[PDB]
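Remarks on the structure that follows.
Here is how names work: the chains are called A, B, and so on, in the same order as the sequence lines, proteins then strands, and each is numbered from 1. Counting starts at 1 for both ligands and their atoms, in listed order. Atom set for the values below is all heavy atoms of this structure, side chains included, hydrogens, waters and symmetry mates excluded.
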Amino acid sequence: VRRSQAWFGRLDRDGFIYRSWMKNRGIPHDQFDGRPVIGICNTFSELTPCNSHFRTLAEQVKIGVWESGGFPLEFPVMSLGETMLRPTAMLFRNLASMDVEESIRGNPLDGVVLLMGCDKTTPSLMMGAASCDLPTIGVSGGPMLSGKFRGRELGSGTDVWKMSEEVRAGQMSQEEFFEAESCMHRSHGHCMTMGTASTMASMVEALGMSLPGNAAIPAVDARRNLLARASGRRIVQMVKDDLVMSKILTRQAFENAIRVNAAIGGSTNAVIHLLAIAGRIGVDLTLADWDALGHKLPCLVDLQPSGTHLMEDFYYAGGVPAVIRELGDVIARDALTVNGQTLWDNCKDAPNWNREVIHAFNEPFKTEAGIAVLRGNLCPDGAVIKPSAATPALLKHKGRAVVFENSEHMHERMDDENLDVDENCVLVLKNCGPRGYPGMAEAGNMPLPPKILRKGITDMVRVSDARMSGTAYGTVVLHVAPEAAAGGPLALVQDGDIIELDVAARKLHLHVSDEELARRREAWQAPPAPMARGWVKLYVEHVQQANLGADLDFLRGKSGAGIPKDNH
Amino acid sequence: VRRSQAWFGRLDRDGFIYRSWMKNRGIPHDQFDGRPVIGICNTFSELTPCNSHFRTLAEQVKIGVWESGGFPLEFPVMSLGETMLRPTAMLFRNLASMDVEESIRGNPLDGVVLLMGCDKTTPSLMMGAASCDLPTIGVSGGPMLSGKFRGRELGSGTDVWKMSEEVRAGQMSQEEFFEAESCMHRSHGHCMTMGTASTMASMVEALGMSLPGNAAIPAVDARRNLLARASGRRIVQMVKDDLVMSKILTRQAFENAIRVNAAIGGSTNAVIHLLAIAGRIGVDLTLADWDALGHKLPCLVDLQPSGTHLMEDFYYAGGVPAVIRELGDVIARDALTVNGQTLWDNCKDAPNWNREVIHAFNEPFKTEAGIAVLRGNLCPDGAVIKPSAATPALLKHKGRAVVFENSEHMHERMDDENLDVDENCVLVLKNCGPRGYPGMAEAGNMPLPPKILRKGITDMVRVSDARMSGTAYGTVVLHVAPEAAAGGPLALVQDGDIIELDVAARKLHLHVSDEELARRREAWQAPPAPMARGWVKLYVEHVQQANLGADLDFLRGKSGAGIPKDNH
Amino acid sequence: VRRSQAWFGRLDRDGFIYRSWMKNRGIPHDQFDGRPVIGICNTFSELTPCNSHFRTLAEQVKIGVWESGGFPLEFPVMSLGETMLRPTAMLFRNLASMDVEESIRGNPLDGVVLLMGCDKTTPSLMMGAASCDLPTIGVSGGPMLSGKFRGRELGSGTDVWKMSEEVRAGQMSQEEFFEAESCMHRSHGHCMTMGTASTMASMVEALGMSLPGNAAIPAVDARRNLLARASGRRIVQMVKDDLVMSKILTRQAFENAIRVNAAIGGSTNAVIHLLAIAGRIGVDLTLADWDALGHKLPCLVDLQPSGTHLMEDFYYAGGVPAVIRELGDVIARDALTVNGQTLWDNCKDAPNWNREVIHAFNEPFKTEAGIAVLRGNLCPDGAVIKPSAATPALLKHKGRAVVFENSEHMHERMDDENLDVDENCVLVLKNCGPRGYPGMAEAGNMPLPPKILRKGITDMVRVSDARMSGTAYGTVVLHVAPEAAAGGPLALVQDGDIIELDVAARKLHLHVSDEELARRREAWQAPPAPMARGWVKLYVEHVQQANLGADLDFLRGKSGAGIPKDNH
Ligand code: FES
Ligand code: FES
Ligand code: FES
Ligand SMILES: [Mg+2]
Ligand SMILES: [Mg+2]
Ligand SMILES: [Mg+2]
């Protein structure tokens, strides 16, 4: 027996209640006979343009379930369109996780199918489902087609920062920049660079939570429907075999995902998200793990932002299975995946059709290009930097600090010609973390002063307690914890202070005495409440720091999928 | 100038971000020209069978918006199916209200259209929308068609309690009970009795938050799509006129809703939900308001569970507009509604095609049938009763107490033949309120002891801190506040205590002295935490008592719909 | 006053009959007020996999109509799947044209939108609509994305013939050829080469019956939905201006289409369809017009089967507008199109992003590559050849005839190793035209004898009364009229006869005297009737020859769109 039979299999007065209303639209009674009921978490939304094709994806999963003798039922949760949600989509990631967890536990579901696409929709669904630990399979929406503009190609996000900086440098017209928005995005799917959505989709696959190939298949490609449908077939058998998430999301699975993230030039936001997911399913995973596991690992994928190619090219080259094939000596081969096979059984024979996109391990795209975690007096709980999309000569750098108290203080001063700034200066941004912004917005890749861009300089060192887009680039220190709004030493950085950056030495030092800092702390008053009410008030007072996953403290962990009380 | 232009009217890098991704599915550029952007809150779910036709309602709304030059964008929230969500759907009414609120404020919305149907989905969206106070219109899903079984009609919920008690009384076979579960619910829509869904849909029309006729139209009737489409045309004009919910949900509106709630034989759950809605928009509404404005009014709608007819007969007889015209001497005629006309302008000429369903005021269906609020030592913060469906002989009753410490203990002892109980005892159920159950389930309509059902007695006095299905009946006092789990004197009732009920005198008295209650209070301990993690832990530690609306304390109020900071 | 008000404007018993039933699903009364009723001819079909995305295209047109104040109403016709229908889709092109013509006239339509994709759905809808001559606009479905197979690309149809001939020659394994059917077609849309569908979409734009850019936009590209929705807006204004088809399909329009067909390397099936379309709208057009207009015009588009690239490259280079701009010195610039502008207005400023796909006029991809019409005793009523995909050395050839009496006989003899044939023979196929097959199948591109394929020769001279696929290639003489089954001199060709081909001289000669042909004609008998009843008995007994359009004799012409009588 399984939990859905505690609803539909009842011969009580409640059994009438649990079935009669469901039969109002024409459901045959044998669908309640005890066959696996499959809940399909559908994040479709016309406010989430990257998941706007998920109704077509949902009917595809339902088919596979109907084929394997299951009972498919889709349900909605709060969807998270990254380009639309302000202050930031991350502010509502934890709220969506409660939609997922409660909708799964409260309903007669034996298995779960997760429809994930834009960035924040992947962790929110993974976090919520992990707190229930039912047999779960993830289906990604797929990346968009490559943008086609004036005979060349455009990259999601990566070319937004690039073309924007060129407009402010006087190197690109402002009219041309705005004509490219109908051409950069011409298809269904998520951001088609190696941004958060592409990496999280790769993380879902590398964790074993999806069928092989789930990450790279374009949304408008027919193979995306096949995989969504094959996932509908598989989840029915997963219920019969009781292949729960905890049997897949193990310590080794997370170790493989971090190794793959380094090889694919993955986004820095995967660090926060996988720590949040591990905190729900129960796997021990710290921020120090990310530096130790990705240690000395190379980047094998020549894709934007770290490279030049796009997700469409990454798919035709072999996708994630071809990347896991290169990692055969560092991966945990025996890690189990949701299709019944190991991660190595599904990738040992993966073909590679383009070595200019997916390199061989021993002659890779970039060496030692995994995400690095920095330690120092400036970031006690840690900080991250993505050297694959960085410039080499800046990974070891020290210079004068130019300080911005927040985003409004920054946008004002960055465009100031009277700003005393150089090319070897350190731009510092504060109060943009979980409590500060609030929601830890993607403002880490802050634009450079216009007079610096006019000299051909496109990158300089930058430290902040904020995130940045997975599509962003530059030597940017991110997730400085504790954030300035929580009383972190970052809040005390002042103009003229000396910042020491040493990614090789894992060092981020603030050259001012502890005595000087200590008296600077006498002035620091905590920022006021952003809102005295609502979800944001709950978020700020309960959100954890970025080094733990930015989850709410009372949501950490799991409560299983036991059968609750009846409703009457 | 409206808030969407803060996304779609920006002429910098952020304007590229806010528009380019939206163009990925072929949206013409002129849709971002500042025309009203309409958010359609779609609660469609296959786990919410009463809202399972909401894709059809959503596209019908889109049309009306397209017809009148608006930009429609639908978005999902957590859906709440009564029969599916356990321990009860009320446990997640406040959660989905956060989904609504944050989805409205976080996205570039000018106006909102609320797709509501299944019980809790109506207050869930009204609460979240009121906390933003954008121009909003409500569209109800409509009731199911009358169930046809063996040449006779069945009623949603009401006939479930009736047929179940007849099986327990050895009067109706168990065979006939389950053969009627596919014949009771035969079409799309919500409960076709005057349950919560029918009541709440009538409240939306009474509050003025919908177009006239929104309440009664059966879900499969062509006029249902027409109203949803007419609402799509109206909301864009409401955005142009800035007709926010504040100008609709005034105190006069809530009083009008209370008044028609008595005339239609409305559900007791409307008491809790309208208090929660008022607690968001900022109108002072109390339990005492329900008592003073409601009870003296008669019942005019001969519908189950107060009468015998169903929602189909109620729509063909004239629906809510015909009922309101009968209340012309007691309503606030000048109350503004979303269509631009007053509440009385929309109903002054509403026809009445069947008097046997909608009685005249001077010749009503039942006299003094409004919900009564009982005061006394047993409920210091209040309790409610629905005399429109109760036994007249029992509204004034004194009796010995048969106490049940919880719902599990009730099911154990209720059918125990050794139970010392006659039909003149008072049944007491503890620990089923917001904290105790948790979620305050619909357990107030306790099934009677089988030894008493064999005598032909179908109703006894019943006291509980729990809610009750709007389709239920009998002399049952509900919403006893504070609940037993919070230390309310209901927790101290013991077997043998004399409990006095006098609905006319507004009395619910426990015949135990204060000095003895003080000794009982010393032995009372708060029940252990239902969960040490997750949404349920947050709910138990923050939910208010039923006399205030069963809302979360930090969600109480409103924050408007300002323009939040950029997300990059 | 329009046709619609003869239905919806009637104020009597018939007006009740025409509005009441239409209001059964919830259509507001103001949709019958006189606004343009727009019929959307939807060829969606799961048996027409190239039109299987047309439900999405239909919904986009409805929007455009709702935006502009029209009344959209979609209706189905017989859909024609090229790869699915047998004996051939051409057999059912004239049947589907009767569905289109009668549905437009029988129903209250003021304007028409034609959803066309798969090969035969384009002319069958153009023909039926031209016989009504209402304000009509055409929307093409778009081509599929380029096939991706083992690091390289695959082309629709063209690579099916190539890989097949290499399997028969022993150069490609049989397993590899079948592992490429999942990888050739991997998205919605029609054939991705310059086949009939791509050609017909280019003809619709060249004729002016579509908005600019309609031909090349891939089906899964966002601009495809944009154009379909923009067409829904435009058709309403066309009804108001009464811009009927005959104002677009003038003589200069067909002349412009024939010129574009040469520059794009279009299909030979375009010749038959444009003649049938002209035979409906009332424009005198002949094979001689095809030869004279395309005479020495160059091919500018380097796509398969004439070139190497695919439709994706064609769209990203500029599509048809860029091709028409190259033809600015030969086209009739002032030809009016459905968007109100001339063809030159819509193309004079068209950009060209890839000269390697779309060549300049004076530096063309191939010179004198227009379709050539051959005359001579072997084809008194004409015969066509597509030298854009033929062998230059074979265009002037004299060879001994190797004859096959039918397709069945050709399947047997071709792979016979006893067959006396060399590379300099002339393959002759009989009885595969309109009456012969029946339906004139795409059997003209005969597979070569394996003993010659193994010698490295992939092209021989081939003559038949059959058609060729638009994706086919080689020195293939086609559409020999009158067909063999109609008594044409092709039926009298015997093994050993000398056949002279001279494309430059426009000569196809059979070296047999008239006196000897007269003796052979005596023994000739018409083949038995394919069937004794049904559609194909009517087809065979009424279809005209390929030199006139292969239309049915009694369907030739038009009848307008008058107001028929009342159905009651
Ligand atoms: S915005 Fe959807 S993934 Fe980049
Ligand atoms: S079950 Fe949805 S209305 Fe009661
Ligand atoms: S198969 Fe439909 S276009 Fe060729
Ligand atoms: Mg992101
Ligand atoms: Mg209820
Ligand atoms: Mg064809």
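Within a 6.0 Å sphere centred on NZ of A/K162, other residues, nucleotides and ligands contribute 12 heavy atoms or fewer.
Counting only distances under 2.8 Å, and ignoring water, the protein N, O or S atoms around the Mg ion (ligand 5) are B/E82 OE1, B/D119 OD2, B/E442 OE2.
For the residue pair C/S79 and C/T48, a side-chain donor N or O sits within less than 3.5 Å of a side-chain acceptor on the partner. Judged purely by distance below 3.5 Å, without hydrogens or angles, the side chains of C/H53 and C/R224 never pair a donor atom with an acceptor atom. One side chain, A/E312 or A/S146, offers a donor N or O that lies under 3.5 Å from an acceptor on the other. When only modelled atom types and interatomic distance are considered, B/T196 and B/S267 share a side-chain donor-acceptor pair under 3.5 Å.
A donor-acceptor pair under 3.5 Å is absent between the side-chain atoms of A/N567 and the main chain of B/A89, judged by distance alone.
Relative orientation of the A/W21 and A/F16 rings is perpendicular, given thresholds of 30° and 60° on the angle between their planes.
A distance of 5.0 Å separates CE of C/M144 from SG of C/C191, quoted to the nearest 0.5 Å.
For ligand 3, the 4.0 Å heavy-atom shell takes in C/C50, C/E82, C/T83, C/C118, C/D119, C/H190, C/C191, C/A197, ordered by chain and residue number.
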Full working for side-chain hydrogen bond (donor to acceptor under 3.5 Å, both in side chains) between C/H188 and C/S52: CA-CA 7 Å; C/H188 283 281; C/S52 61; 3.1 Å; yes

Passes side-chain hydrogen bond (donor to acceptor under 3.5 Å, both in side chains), C/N51 versus C/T43? Steps please. CA-CA 7 Å; C/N51 298 18; C/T43 52; 2.9 Å; yes

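Below 4.0 Å from some heavy atom of B/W21 lie the following atoms of ligand 1, by number and element: 1 (S), 4 (Fe).
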